[PDB]
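Just so you know, structure 1 and structure 2 below are the same protein chain in two forms, each on its own as structure tokens.
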Structure 1
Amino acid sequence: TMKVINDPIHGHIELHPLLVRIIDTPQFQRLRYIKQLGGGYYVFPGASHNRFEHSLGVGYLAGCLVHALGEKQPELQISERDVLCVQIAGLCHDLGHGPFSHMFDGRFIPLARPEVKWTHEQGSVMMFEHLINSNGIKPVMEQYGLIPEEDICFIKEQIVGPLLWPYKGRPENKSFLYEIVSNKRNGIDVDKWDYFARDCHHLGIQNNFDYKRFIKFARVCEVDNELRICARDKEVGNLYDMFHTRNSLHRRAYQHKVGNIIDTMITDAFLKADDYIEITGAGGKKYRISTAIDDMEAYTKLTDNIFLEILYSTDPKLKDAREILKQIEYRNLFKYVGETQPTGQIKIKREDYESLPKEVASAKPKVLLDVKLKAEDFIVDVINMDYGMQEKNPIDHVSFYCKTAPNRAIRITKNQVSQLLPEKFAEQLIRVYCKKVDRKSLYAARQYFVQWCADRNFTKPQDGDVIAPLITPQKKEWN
């Protein structure tokens, strides 16, 4: 018999016994102890929510969309085997997030182990494998009409993409299934739909996107010898508004100036603690925080706990790390100086991130300073805001249909919709913070920053005339 569970976002979800069996494992219940928004909780006090319930919701919506397409179009021959596989993918899609979610794969691992190219998705695949094997799920999958050989590939492929037609999990006549959980084509997936609704509910922001409606106007059509999901022509407006809502949530919440500084501070503390924390892995081998990603039995035990483990410890080897975390409780955070963007089409490459603190200290502002500041005193945080496909417009990669010809797929350009849409679909934000908190050093930092902006032909800080009044007239372009 089905099991019913009450999510505050989606209401009463039914869970197929196979799903319940996957959910009730240490690998999945692990997600109860990892917050969705990482350090965001320390700015938005509503945002206590964890991956566990997000993972449930994504599984649910995956089920909704695939099941809806099947009702709408029997010709597709979507089996309850396909449905289950899509649900399972959705359910397990973020199994591989680290402590504090995106802080881990986005800040920490890149710093701790620059050699590796590792993502939360790759983790999810490996963790899924470990979940299946350590809990004897293969027999249960068979019991409910699945074929582990084919289907475990199909599930993995939904999550990370592919391990001519690149997929071994399903044929070309069911390519639409790959667009549900994690849409490689345009980015419109149920992952987004859940976290919009969920993050908004818990943050204290209202969500401007109706996933239910998009489902009612979704439909599979042939596009280039392949069956893919298409939206109705009228929905094009709502789809641009979906990616606006995404970018807006990043601006207000996910990339919040203090949320990000807390993320960097927690990352900093992890880096200092990494050497002295051991985690028992497979066959008892000892793994560090940074190396737990290599073994899943170890990574199973690596959660937000590691924060409090560091905070509460008395090991003097951890004193450096513990002091950073104590500074977060007391709220002696590194101080925000200002924000800026590049101009023209000057993209700042990732390689150069290391060097930018040096450049800020190196500026010679024509103003008398009390204090000189070294490059180690500065933090520069570079942030790429986009519409999910770097410089591309994702709507140019969406297929549409008309009321008059619902099997005929078409394209809608930007010009066909509106002149009030974005000109570009990607940019960079550069936040500068200063490690020295005091009145004297903050004034100095501001002068260095606003000069550095003029030095590199960046945009004038919004507060620029106030914070560095002596420096802003210098630039001819700012008048």
Structure 2
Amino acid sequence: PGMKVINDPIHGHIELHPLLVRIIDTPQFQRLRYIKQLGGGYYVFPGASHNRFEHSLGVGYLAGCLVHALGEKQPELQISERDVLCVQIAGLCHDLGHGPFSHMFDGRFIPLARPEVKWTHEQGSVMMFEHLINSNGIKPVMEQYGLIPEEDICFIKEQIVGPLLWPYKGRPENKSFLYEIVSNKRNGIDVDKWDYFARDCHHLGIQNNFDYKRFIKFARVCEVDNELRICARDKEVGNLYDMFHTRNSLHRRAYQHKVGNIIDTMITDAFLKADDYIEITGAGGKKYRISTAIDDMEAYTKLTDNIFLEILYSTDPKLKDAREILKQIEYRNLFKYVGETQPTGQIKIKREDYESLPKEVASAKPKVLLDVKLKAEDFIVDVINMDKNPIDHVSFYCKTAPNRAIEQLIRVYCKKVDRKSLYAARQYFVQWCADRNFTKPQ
């Protein structure tokens, strides 16, 4: 069986089964070369040039390592070569659905452009994966290696987006542990996070003391509360604490960076101003816009970070408004940071209300008379989401007896950089916080 070997800066040599190679070499997979992992992060962190493509190879690699390690150590689990491939394909394809600049796309842009629509890149990954297998005739290739397509493709989608009393149609309840590999949000520990923790740390120059190889050699499937779940050896606990500290550090230092997130709302603002005028040719030659390409995977296949440059380089005076914001990024005249607040206890601010937020802020009236008035378009309101002692939700096992177990941050920016426009914005913002019952700004 002919394997491709890929040298990876994080995992070293990655061997790829011919089936994975066929899936990798499609316009739909190669597309991920053109989407930055951290999006606007790159404009803060010069080392963060990495793309979704290499990350996905990693997740596919690690996904395989874990199933195979489990299968070798516990043959009773009945893990087939068919299972290993399906877990690897899920690992490979879990991010197919991301759009330009990754989380900026499904996390801010689509909510702003089309508030009524519900879209996640996970939903995209399932759609794009379906599009991928159909477009490139993957089903025969699967059958050749013993995969049964209607049976397994379902499994794969479920590993990505979740169940489409045992909710899963792709595998029976006795293999339930397989669903904990690629995406696990019970305890938020999975091969996806293992790759991007190590890979972001590598490109951001942040210290990562978590050893994922250790964790995989010692992973075991044990019965917990009637349920088969992946468990860690008890003395790997110190390792787990290192993982959680690495994750916290990536969030405070990188994902939540004040300038990083500012720049991402600027790229978003430019997309919104370009949305009317940009045409992406989809299936049947129909034309979609940036916000609608998610509706058709053929158009969406051509929607990547390139759209940034398409806007930047364009001559069309209709795109002038979009273009000048991107030029603002280039010249580094950025939105200025007004303040930060949290919603107290309560309910989370929701994506469908994102569009409404700047108008709420501008409609606040601070109690001292202010001689500057600011429109709602003068404001940017940025909703940043986060996800306890995390070690309690991890299940462990003892060596001597295995098979036995033992959040919203809200920032506001102003497009006006002169002092008393900025002074005004501050007053709007503190007042808005007061009457929406948010925490009082520093």
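Here, a residue number simply tells you its place in the sequence of structure 1, counted from 1. Superpose the two forms; the largest set of C-alphas matching within 1.5 Å is the rigid core.
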Of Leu318, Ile279, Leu249, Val223, which one's CA moves 2 Å or more between the two structures, core aligned?
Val223
Would the C-alpha of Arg51 be classed as shifted by 2 Å or more between the two structures after rigid-core alignment?
no
Large Cα shift (2 Å or above) at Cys434 between the two structures, core-fitted:
yes
After superposing the rigid core, is the C-alpha displacement of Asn133 2 Å or more between the two structures?
no
Per-residue Cα shift, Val450, between the two structures [Å; core superposed]
6.5
Taking the rigid core as the frame, how far in Å does the Cα of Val380 move between the two structures?
3.4
Distance the CA of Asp370 travels between the two structures [rigid core superposed, Å]
8.4
